[PDB]
Number of protein chains: 2
Amino acid sequence: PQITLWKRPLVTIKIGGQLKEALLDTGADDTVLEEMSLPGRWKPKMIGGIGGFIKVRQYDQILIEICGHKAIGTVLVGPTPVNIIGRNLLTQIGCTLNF
Amino acid sequence: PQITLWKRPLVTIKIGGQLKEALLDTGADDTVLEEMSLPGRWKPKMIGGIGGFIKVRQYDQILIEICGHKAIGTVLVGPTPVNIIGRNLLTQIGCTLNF
Ligand SMILES: COC(=O)N[C@H](C(=O)N[C@@H](Cc1ccccc1)[C@@H](O)CN(Cc1ccc(-c2ccccn2)cc1)NC(=O)[C@@H](NC(=O)OC)C(C)(C)C)C(C)(C)C
Ligand SMILES: [Cl-]
């Protein structure tokens with residue numbers, strides 16, 4: 001699709017068989033989801049936004065579908081205000097900015 | 001232009017006679033710049049991101065040139081780690097997400 005920006009670019013994602021809403025975020029290096037359960041081991045990461053840094057759990061090679069496009073990559077989990085799809089997965093689904 | 005997302009989508013902007021680098025940020029409602037002087041009246045605003053909230057000065061009807069495209073809108077000024085071009089100005093230059 002072509003997504004204009006008059007509203008927040010919110011899409012449906014599917015992860016662990018669950019549907020969630022997430023923000024397509026060109027300003028985010030990483031993908032960060034609200035607290036949830038994921039399989040396997042995790043490693044620590046500190047990520048910095050406006051306001052400061054938060055600690056998150058890093059899971060690698062996670063299956064996630066974004067607006068019907070399949071991706072497999074790193075998903076961070078922690079006290080984010082909103083589910084965020086960052087550039088690590090936007091690139092996998094072939095996202096560009098255009099004007 | 002078409003901007004891929006392998007790297008941070010940083011572009012040159014011109015604002016208040018100054019050239020600055022800023023991030024094209026579809027995950028931002030607002031445009032927020034590092035400390036600078038702007039003309040006219042302002043009012044305080046709290047904005048929230050990953051690490052909580054910061055206080056900024058809100059200036060309305062500010063002229064900005066983004067990657068060669070002129071726009072007018074509200075610009076917030078304050079302790080952001082990075083210069084951010086948010087949706088309020090991305091719409092004005094006809095910027096879309098495409099995949
Ligand atoms: C290199 O660092 C990053 O990539 N940082 C990312 C990040 O925070 N990106 C910011 C822009 C940014 C980049 C680098 C340093 C600091 C900030 C945005 O792309 C992500 N984002 C994602 C985000 C969106 C909403 C909220 C939020 C916060 C409080 C209440 C409700 N929502 C938090 C994070 N948006 C906002 O924070 C915006 N907030 C906003 O539009 O609020 C409606 C601002 C900007 C206008 C403040 C992540 C931590 C998500 C990975
Ligand atoms: Cl505006």
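Order of the sequence lines fixes the chain letters, A, B, ..., with proteins taken first and strands second; residue numbering starts at 1 for each chain. Counting convention: from 1, in listed order, for ligands and their atoms alike. Reckoned from all heavy atoms, side chains included, excluding hydrogens, waters and symmetry mates.
Within a 6.0 Å radius of CD in B:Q18, more than 12 heavy atoms belonging to other residues, nucleotides or ligands are found.
Polar contact with ligand 1: absent for B:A28 (N/O pair, distance under 3.5 Å). The distance criterion of under 3.5 Å between nitrogen or oxygen atoms is not met by A:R8 with respect to ligand 1. Taking any N or O of A:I84, backbone or side chain, none lies under 3.5 Å from an N or O belonging to ligand 1. Where the criterion is an N or O separation shorter than 3.5 Å, residue side chain and backbone included, B:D29 meets it with respect to ligand 1.
The structure places CG of A:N83 at 9.5 Å from CG of A:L10, a figure rounded to the nearest 0.5 Å. Remark: A:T31 OG1 to A:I66 CD1 distance equals 6.5 Å, nearest 0.5 Å.
If you check each of B:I50, B:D25, B:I54 against atom 11 (C) of ligand 1, the one with the closest non-hydrogen atom is B:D25. In this comparison of B:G49, A:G78, B:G86, A:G48, the heavy atom closest to atom 33 (C) of ligand 1 sits on B:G49.
In terms of protein heavy-atom proximity, atom 27 (C) of ligand 1 is nearest to A:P81 CB, 3.4 Å. For atom 36 (C) of ligand 1, the closest heavy atom belonging to the protein is B:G27 O, 4.0 Å.
A:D60 and A:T74 get closest at one heavy-atom pair: OD1-OG1, 2.8 Å. Listed here is the closest heavy atom pair of A:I85 and A:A22: CG1-CB, 3.6 Å.
The residue from B:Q58, B:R87, B:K45 that alone fulfils the side chain to side chain donor-acceptor pair (under 3.5 Å) condition with B:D30 is B:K45.
Of the heavy atoms in B:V82, only side-chain atoms (C-beta onward) come closer than 4.0 Å to ligand 1.
Contact of the A:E35 side chain with the A:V77 side chain is registered, since non-hydrogen atoms from C-beta on lie closer than 4.5 Å.
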